[PDB]
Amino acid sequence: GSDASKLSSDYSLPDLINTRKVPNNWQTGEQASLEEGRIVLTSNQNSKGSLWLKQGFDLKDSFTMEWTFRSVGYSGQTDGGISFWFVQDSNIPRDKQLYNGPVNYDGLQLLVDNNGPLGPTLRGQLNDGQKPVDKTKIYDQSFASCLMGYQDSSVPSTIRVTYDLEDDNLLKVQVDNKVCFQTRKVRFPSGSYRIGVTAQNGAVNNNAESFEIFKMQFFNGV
């Protein structure tokens, strides 16, 4: 389980409550901005934002990533969404074509959105960097998914990603501690992984859905 003694400061985003500057290990992009208590990714109509660690993570051991986020200000289906990334690259990924993150990624995308055939979901997607994914088949191509309501709630959700080399490479995603999916078929190879979150709210209904980050905690182990 997560324990203070296992927290990795360099790959975490301490709770942004009362935080006046973006923590120096992270970089905002596009129109993401630090507002009171939170980084707002989609701060007005048809906006985009990114938040990535400045340094890569050398994958050598089991890990946990816990993201605390919310969506406020809009209820309704849109073509917006928020994506959480764990993808190999030598830099913050250059490409911005998939939810304001990389369409040609090598690793894992976790997408929270509501435009697919099951309504609001958390979905896992994989790609190996050889080609861009086909955005027109994303929902059929999810390797795992669960239902997840997220819109129009001021109470943040917590996505807990664990990758357990000591349990035959178990990749698990929990939402508010409840299992969303798990698999042993994804064996990430060695490399430097980029960790970040990106979002867009698109133009549907001239919505102002506001995707916001409160905290991220990275642990060694699970």
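For every residue, the number given is its place in the sequence shown, counted from 1.
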Next item on the list: Going by the average Cα B-factor in the PDB entry, point out whether 193 to 201 or 54 to 62 comes out higher.
Entry: 54 to 62
Check: Per the PDB record, is the mean Cα temperature factor higher over 167 to 175 or over 23 to 31?
Finding: 23 to 31
Next item on the list: Identify, among 119, 81, 132, 107, the residue whose C-alpha carries the highest B-factor in the deposited PDB entry.
Entry: 132
Note to self: Per the entry's Cα B factor values, which of 136, 100, 142, 71 stands out as the maximum?
What the structure shows: 136
Notebook entry, point to check: Is the Cα B-factor recorded for residue 42 in the lowest, middle or highest third of its chain?
Noted result: middle
Checklist line | Entry-reported Cα temperature factor of residue 125, expressed as the chain third it lands in | finding: lowest
Next item on the list: Give the position of residue 77 by CA B-factor within its chain, expressed as the lowest, middle or highest third.
Entry: middle
Margin query: Split into thirds by Cα B-factor across the chain's modelled residues, where does residue 17 land: lowest, middle or highest?
Written below: highest
